[PDB]
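Everything on this sheet refers to the single structure shown next.
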Amino acid sequence: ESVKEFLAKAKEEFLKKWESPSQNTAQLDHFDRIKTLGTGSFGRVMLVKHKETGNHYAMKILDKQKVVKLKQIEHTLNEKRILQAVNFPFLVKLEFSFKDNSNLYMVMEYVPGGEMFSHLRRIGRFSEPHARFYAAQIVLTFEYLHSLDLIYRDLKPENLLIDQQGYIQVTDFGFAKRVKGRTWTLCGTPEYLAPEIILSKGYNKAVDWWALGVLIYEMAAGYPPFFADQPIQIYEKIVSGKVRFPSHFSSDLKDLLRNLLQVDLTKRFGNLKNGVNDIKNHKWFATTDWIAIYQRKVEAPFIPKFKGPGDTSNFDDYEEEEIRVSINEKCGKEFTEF
Ligand SMILES: Nc1cccc(C(=O)O)c1
């Protein structure tokens, strides 16, 4: 009942913000640009500093015209409406949002430890306890999101940032969506796609639990379970119903992963009658103190090295490009609600 009441309050608080979203809570010239932390086909993330408070933030900047061209309108509106309404210890917080004639802006908490992906590739693989510490945070985060009828749909090591305490902060809600029932959009990254996405079915929150299996495997092995050089070969392996496990995996880990990487979504852990509890009660999680993880009382396996809140050394280097704002409003209609 304590969990039921927690989730009921979480949903109430989410819905209040979901129904009346915040808008236009800062403007560009309140910030100094420091460094580009990441770039993509329609946007970028930059380290910025607030000129009056001195606080650092990560500012995601989306080019409205490119968002329209790449058919990402609904996805970007989803991302902002969801981020302004959620609140959970393992989600990067949205601090401000605004738009101008050219771009959409989401100003988030900066997480100087960088992406899990970088740390995983630098060390090779995580020990099972280390993988389990991160996995538990994802399980709780998905329990929270799913209780709000939210599907995340972009789990991968690049989207998990490691904070100053060694805990996970999930970022990039570009594919997150509120769904009661099914949804149909082809999205995700190839290695993490569930079979029902590849096969163009109407799919549901069970895709997140599949992706958790992929993530746990990749953390503990150092490479993802369906790896192949070409996407077509990845997809063939995903739908095949076969997975090979390193001999160093524990029997408990293999058993859990067989149940998360279950091709038949009606048999997949997280999607059975007992929901998330089939995962939380699995032997591989026997040592996990779920409340202590939520309360951030567990000592993390790894504290990222960084010098302070302005240190960018755990992110990589990109060509620094202008943030241009047109004299004329672009795509105003499409982004009215942002
Ligand atoms: N999405 C994204 C990318 C890089 C850094 C951050 C951050 O919140 O620190 C977020």
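FYI, the numbering for the sequence shown is 13 to 350, going by the authors' numbering.
Where is the CB? At the ideal position from N, CA and C, for every residue including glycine.
For ligand 1, is there any heavy atom lying closer than 8 Å to the beta carbon of residue i?
i           : result
residue 183 : yes
residue 223 : no
residue 306 : no
residue 121 : yes
residue 322 : no
residue 104 : yes
residue 97  : no
residue 188 : no
residue 173 : yes
residue 54  : no
residue 43  : no
residue 50  : yes
residue 57  : yes
residue 70  : yes
residue 327 : yes
Could you please give the first and the last residue of the uninterrupted alpha helix (DSSP H) stretch that includes residue i?
i           : result
residue 134 : 128 to 135
residue 18  : 14 to 31
residue 138 : From DSSP, residue 138 is part of no alpha helix (DSSP H); its letter is neither H nor E.
residue 309 : Looking at the DSSP string, residue 309 is not in any alpha helix (DSSP H), and its letter there is neither H nor E.
residue 351 : Because the chain spans 13 through 350 in this model, residue 351 falls outside it and cannot be assessed.
residue 290 : 289 to 292
residue 174 : No alpha helix (DSSP H) holds residue 174; the beta strand (DSSP E) holding it covers 172 to 174.
residue 249 : 243 to 251
residue 210 : 207 to 210
residue 220 : 218 to 233
At what residues does the beta strand (DSSP E) containing residue i begin and finish?
i           : result
residue 354 : This structure does not reach residue 354, given that the chain is present from 13 up to 350, and the question cannot be answered.
residue 260 : Careful: residue 260 lies outside any beta strand (DSSP E) and carries neither H nor E.
residue 181 : 180 to 182
residue 73  : 68 to 75
residue 115 : 115 to 121
residue 315 : Note, residue 315: premise wrong, no beta strand (DSSP E); not H, not E.
residue 284 : That residue, residue 284, is in no beta strand (DSSP E); it is neither H nor E in DSSP.
residue 47  : 43 to 51
residue 55  : 55 to 62
Count the other CB atoms within 10 Å of the CB of residue i; is the residue buried (16 or more) or exposed (fewer)?
i           : result
residue 283 : buried
residue 136 : exposed
residue 56  : buried
residue 262 : exposed
residue 315 : exposed
residue 97  : buried
residue 211 : exposed
residue 171 : buried
residue 139 : exposed
residue 298 : exposed
residue 11  : Lying outside 13 to 350, the shown extent of the chain, residue 11 is not represented and no answer is given.
residue 300 : buried
residue 72  : buried
Q.
Three or more C-beta pairs under 8 Å: does that hold for the stretch 229 to 243 against the stretch 185 to 197?
A. no
Q: Assess, as a yes-or-no matter, whether the stretch 75 to 82 is touched by the stretch 285 to 305 under the definition of 3 or more beta carbon pairs within less than 8 Å.
A: no
Q. Three or more beta-carbon pairs under 8 Å between the stretch 169 to 183 and the stretch 254 to 261, yes or no?
A. no
Q. Is the number of C-beta pairs between the stretch 39 to 56 and the stretch 139 to 156 that are closer than 8 Å three or more?
A. no
(Q) Using a Cβ distance threshold of 8 Å, determine whether the stretch 110 to 130 contacts the stretch 275 to 284, with at least three qualifying pairs required. (A) no
Q: Could you tell me whether the stretch 158 to 168 touches the stretch 15 to 26, using the rule of 3 or more Cβ pairs below 8 Å?
A: yes
(Q) Would you call the stretch 26 to 40 in contact with the stretch 82 to 90, where contact means no fewer than 3 C-beta pairs closer than 8 Å? (A) no
Q. Do the stretch 267 to 274 and the stretch 210 to 227 touch if we need at least three Cβ pairs shorter than 8 Å?
A. yes
Q) Can we say the stretch 80 to 87 touches the stretch 317 to 330, given the rule of at least three CB pairs closer than 8 Å? A) no
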